Every structure is written in structure tokens, then in C-alpha cells.
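# A look at the structure
Listed here are the chains, written in short residue letters.
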2 protein chains.
Amino acid sequence: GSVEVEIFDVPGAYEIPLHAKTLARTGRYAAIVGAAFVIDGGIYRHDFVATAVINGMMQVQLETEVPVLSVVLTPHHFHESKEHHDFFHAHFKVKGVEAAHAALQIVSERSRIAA
Amino acid sequence: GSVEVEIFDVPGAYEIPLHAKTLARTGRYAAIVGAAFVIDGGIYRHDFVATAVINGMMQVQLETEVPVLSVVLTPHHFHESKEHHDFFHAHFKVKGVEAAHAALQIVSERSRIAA
């Protein structure tokens with residue numbers, strides 16, 4: 001109960017950096033977490049959007065001085081064979097806990113070095 | 001009605017060269033057509049089996065002197081998004097007619113040069 005998490009929905013991974021910048025400039029937040037699943041669909045190339053999103057999140061966190069943790073993940077292969085579907089459920093379940101621990105420790109450290 | 005086609009079922013693309021060799025050595029056939037859809041499932045590599053099948057069909061047709069036409073096709077991308085599923089139905093529909101024309105022409109030419 002010491003930390004409250006607010007959920008913000010967004011149509012796609014491309015819309016995350018600007019939303020993060022707005023929420024960072026509005027204050028009220030010690031850290032920002034952005035999660036998405038960027039997938040190569042086999043028709044169009046997907047690396048441009050992933051690179052843009054990662055670089056934009058880094059630029060936003062450098063601009064506003066608010067930590068932004070990345071949970072946008074691009075798998076090597078995903079062909080929707082229900083085996084990948086079963087695997088990535090549990091893998092993202094693990095990644096959520098990892099991101100929570102990272103966010104807690106980075107916020108604590110940043111508050112420590114500011115004194 | 002001048003040409004009769006007999007259908008032979010086979011569990012996978014790997015089992016085609018030996019079946020073709022048996023049907024070629026048994027006689028009764030002027031040409032042999034082998035069809036399969038070799039797909040990269042995203043877990044294991046698929047090029048070894050495709051290379052083996054193509055080379056084996058070529059070796060069989062050189063050994064038995066019976067034409068073997070290849071309708072084993074390996075797409076660049078296939079992620080089972082129902083768009084690929086709709087596309088490849090019609091594309092294989094076209095490939096069947098192409099293979100029929102090729103078989104007729106090659107049998108006629110081979111019978112011609114043997115006189």
C-alpha cells in the first residue's frame with residue numbers, strides 16, 4: 001500500500017513516448033513503466049517502430065529526469081502456433097515481477113543520491 | 001480422359017523421394033508429381049529437409065529416367081495470420097495448373113526426341 005499504480009491504456013507501442021512525456025511533465029510520479037509486445041507479422045518490417053519507441057523513451061526520460069523502465073519486448077520468432085502463445089504468457093508474468101523490483105530499487109537509489 | 005492421375009498419400013515431405021523411386025521403378029508411369037508445403041514453424045530450422053527432398057527427387061529422376069516435377073514450395077514468410085492462409089490457397093490453385101501444363105509438355109517432348 002505504500003506505492004500506488006495507475007493504469008493508462010494506449011492503442012499501440014508508437015503512442016507510448018508522448019504519453020510518458022506528458023505524465024512525466026505533469027509531476028505526481030516517481031517512475032514510469034511502459035509495456036508492449038512488438039511482433040513481426042510476416043508482412044511488414046517491425047524494427048523501425050521498435051527502434052523509434054526505445055529511443056523515444058530514452059530521450060523522454062533524459063528530458064524530464066523521470067525514470068522510464070522499458071517492458072517493450074521483441075521476440076526472435078512468433079508464428080502464433082499456440083506454443084509461443086503459451087510460452088510468452090508465463091515469460092511476461094516473470095518480466096512483470098522483474099520490472100517491479102527494478103522500479104523499486106531505482107527509485108530508492110535515486111532518492112538516496114539526491115541527499 | 002487420355003491421361004489418368006493416381007493419388008498417393010504420404011505423411012510428410014521427407015517421405016516423397018523413396019515413394020517416387022518405387023513408383024518409377026514399378027513402371028506404368030510416364031511422369032511423377034510430388035507436392036508439399038514446407039513451412040518454417042519458428043522453432044526448428046526447415047531448410048535441411050527442403051534441401052534433402054529437392055536433391056533426392058533430382059537424384060531419383062536421374063536414376064530411374066522418369067520425369068519428376070516438383071511442387072514442393074517453401075514460402076519466405078508464413079505466420080498463420082489467415083491472410084497468408086487465404087493467399088496461399090489461390091496461389092497453390094495456380095501452381096497446380098502450371099504443373100499440369102509442364103508435365104504434359106515434358107512428356108510430349110521426351111516422347112518426341114526418343115524417335
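Conventions adopted
- Residues numbered from 1 in each chain as written, not as in the entry; some residues may be left out.
- Chains lettered and ligands numbered in written order.
- Part of a larger assembly, values for the part shown.
- Heavy atoms only, no water.
- UniProt positions renumbered as here; feature names shortened; annotations may be inferred.
- Helix = DSSP H or I, 4+ residues; strand = E, 2+ residues; numbered from the N terminus.
- Buried < 20%, exposed > 50% of the residue type's maximum accessible area, 1.4 Å probe, protein only.
- Axes fitted to C-alpha atoms, helices over the stretch in contact; angles between N-to-C directions.
- Parallel < 35°, antiparallel > 145°, perpendicular 65-115°, else oblique.
- Left-handed = near helix turned anticlockwise from the far one by under 90°.
- Contact = heavy atoms within 4.5 Å.
- Nonpolar A, V, L, I, M, F, W, Y, C, P; charged D, E, K, R; others polar.
- Least-squares fit on C-alpha atoms.
- Polar contact = N/O pair within 3.5 Å; in protein donor to acceptor, adjacent residues only side chain to side chain.
- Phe/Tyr/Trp six-rings, centres within 6.5 Å; stacked < 30°, edge-to-face > 60°.
- Patch = residues over 30% accessible without salt bridge, like charges linked within 9 Å, V, L, I, M, F, W, Y side chains within 5 Å.
- Areas by Shrake-Rupley, 256 points an atom, 1.4 Å probe, with all protein chains shown as cover.
- Salt bridge = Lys/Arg side-chain N within 4 Å of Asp/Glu carboxyl O.
- Buried area = accessible area lost by both parts, 1.4 Å probe.

The name the PDB entry gives chain A is Shiga toxin II subunit B,6,7-dimethyl-8-ribityllumazine synthase 2, with Escherichia coli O157:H7 as the organism. This entry carries the title "Cryo-EM Structure of Brucella Abortus Lumazine Synthase (BLS) Engineered with Shiga Toxin II subunit B (Stx2B)". In its Catalytic activity section, the UniProt record describing chain A reads: "(2S)-2-hydroxy-3-oxobutyl phosphate + 5-amino-6-(D-ribitylamino)uracil = 6,7-dimethyl-8-(1-D-ribityl)lumazine + phosphate + 2 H2O + H(+)". Listed in UniProt under the heading Sequence similarities, the comment for chain A reads: "Belongs to the DMRL synthase family."

## Focus: unusual backbone geometry
Look at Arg-28 of chain A: it is not a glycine, yet its phi comes out positive at around 70°. Within the secondary structure, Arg-28 of chain A sits in the loop between α1 (16-25) and β1 (32-37). Given the relative accessible area of 67%, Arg-28 of chain A is considered exposed. If you check the backbone angles, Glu-65 of chain B has positive phi at about 60° while not being a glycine. Note that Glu-65 of chain B resides in the loop between α2 (47-64) and β2 (68-73).

## Observations regarding the packing of helix α1 (residues 16-25) of chain B against α2 of chain B
Residue and element names in this part refer to chain B. Running from N to C, α1 and α2 point in directions that differ by 15°, and their axes come no closer than 9 Å. By the angle between their directions, the pair α1 and α2 is classed as roughly parallel. By crossing handedness, the relation of α1 to α2 is classed as right-handed. Residues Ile-16, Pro-17, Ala-20, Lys-21, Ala-24 and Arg-25 of α1 touch α2, and the partners they reach there are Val-53, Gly-56, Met-57, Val-60, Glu-63 and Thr-64. When its residues are assigned to classes, the contact of α1 with α2 shows 7 nonpolar, 2 polar and 3 charged.

## What about the relation of the copies chain A and chain B?
A rotation about an axis combined with a shift along that same axis relates the two copies of the chain. The transform that puts chain A on chain B rotates by 180° and translates by 0.0 Å along the axis, for an RMSD of 0.0 Å. Look at the turn and shift together and you get a two-fold axis relating the two. For chain A, the minimum C-alpha distance to the rotation axis belongs to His-79 of chain A and amounts to 2.2 Å. Comparing interface residues between copies, 100% of those in chain A also sit at the interface in chain B, which points to an isologous, same-surface contact.

## Considerations on the side chain of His-79 of chain A
Its place among the elements puts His-79 of chain A in the loop between β2 (68-73) and α3 (83-113). A polar side-chain atom of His-79 of chain A sits 3.2 Å from a polar atom in the side chain of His-77 of chain A. A distance of 3.5 Å separates a polar atom in the side chain of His-79 of chain A from the backbone oxygen of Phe-78 of chain B. Among all residues touching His-79 of chain A, those that are not within four sequence positions of it are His-84 of chain A together with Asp-40, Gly-41, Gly-42, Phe-78, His-79 and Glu-80 of chain B.

## Focus on the packing of aromatic side chains
Counted under the stated rule, the structure contains 12 aromatic pairs over all chains. With 5.3 Å between their ring centres and 80° between their planes, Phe-37 of chain B and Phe-92 of chain B make a pair best called edge-to-face. Of this pair, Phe-37 of chain B sits in strand β1 (residues 32-37) while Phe-92 of chain B is found in helix α3 (residues 83-113), placing the two residues 55 residues apart along the sequence. Pairwise contacts between aromatic rings join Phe-37, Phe-78, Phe-87, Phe-88 and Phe-92 of chain A into one cluster.

## Considering a nonpolar patch on the surface
Residue and element names in this part refer to chain A. A contiguous nonpolar patch, built from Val-3, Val-5, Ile-7 and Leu-104 and spanning about 470 Å² of accessible area, is present on the exposed surface. Along the chain, the position of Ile-7 falls in the segment before α1. Of the residues examined, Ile-7 reaches a relative accessible area of 69% and is grouped as exposed.

## A few points about the UniProt feature "active site" in chain A
All names here are of chain A. The positions UniProt marks with the feature "active site" are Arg-45. One can find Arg-45 in the loop between β1 and α2 (47-64). Take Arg-45: its relative accessible area is 62%, and that puts it in the exposed class.

## Here we look at the interface of chain A and chain B
Interfaces are often sized by the accessible area lost when the parts come together. Residue-level contacts link 10 residues of chain A with 10 residues of chain B. Summing both partners gives a buried area of about 870 Å² for chain A against chain B, and 48% of it is carried by carbon and sulfur. Looking only at chain A, the three residues that lose the most surface to chain B are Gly-42, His-79 and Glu-80 of chain A, adding up to 51% of its buried area. The tally of links from chain A across to chain B stands at 0 salt bridges. The tally of links between chain A and chain B comes to 2 residue pairs in polar contact. For the side of chain A that touches chain B, the class distribution of residues is 2 nonpolar, 6 polar and 2 charged.

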